[PDB]
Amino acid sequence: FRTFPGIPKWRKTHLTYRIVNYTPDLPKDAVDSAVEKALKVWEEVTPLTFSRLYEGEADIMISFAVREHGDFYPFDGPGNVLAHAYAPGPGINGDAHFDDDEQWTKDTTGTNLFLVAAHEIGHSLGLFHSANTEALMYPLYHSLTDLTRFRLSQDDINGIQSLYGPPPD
């Protein structure tokens, strides 16, 4: 596994998130859930907790975008870069942007929103790309299809617990 240089991390245990807008590809209950599941993934292995805001600037802002949007790094059309997130910190930091030129699905018949979000929220929390091929933070998304067997690999667990420790048991 790997962390960003200077090892940025949130100095607080409780973080807030906010879904800025929605995608035409999916009904809203499916977007909320994929984000909530994406967060449980990290909660289960650390003392971090998350709550939702509907106004105000949350720590982790989630949005759907096409081409040029509010930053220097515009998206590239269908395929390839699916989404990108910023390392933890103020403002644009911690935010996750998703390319709406992809077809977000709950299934694996396009780009599964849960798996990619789970991956981006890793970046939002302080994890860079983890070299293990079987790890969630590995930079190559493959249309898995078997979300029925998804388990955070030990490498991801090792890497996120180096940042915030194991959860209180």
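Numbers for residues come from their place in the sequence shown, where the first is 1.
As listed in the deposited structure, the average C-alpha B-factor of 47-55 and of 125-133 is greater for 125-133. Between 10-18 and 155-163, the higher mean Cα B-factor belongs to 10-18. Within the listed group 142, 106, 119, 67, the record reports its top CA B-factor for 142. Looking at the C-alpha B-factors along this chain, the one for residue 62 belongs to the middle third.
Per-chain ranking of the deposited C-alpha B factor places residue 88 in the lowest third. Residue 36 sits in the highest third of its chain by CA B factor, as recorded in the PDB entry.
For residue 102, the recorded CA B-factor ranks within the lowest third of the chain. Only modelled residues enter the ranking.
Annotation for residue 138: CA B-factor lies in the highest third of the chain's modelled residues.
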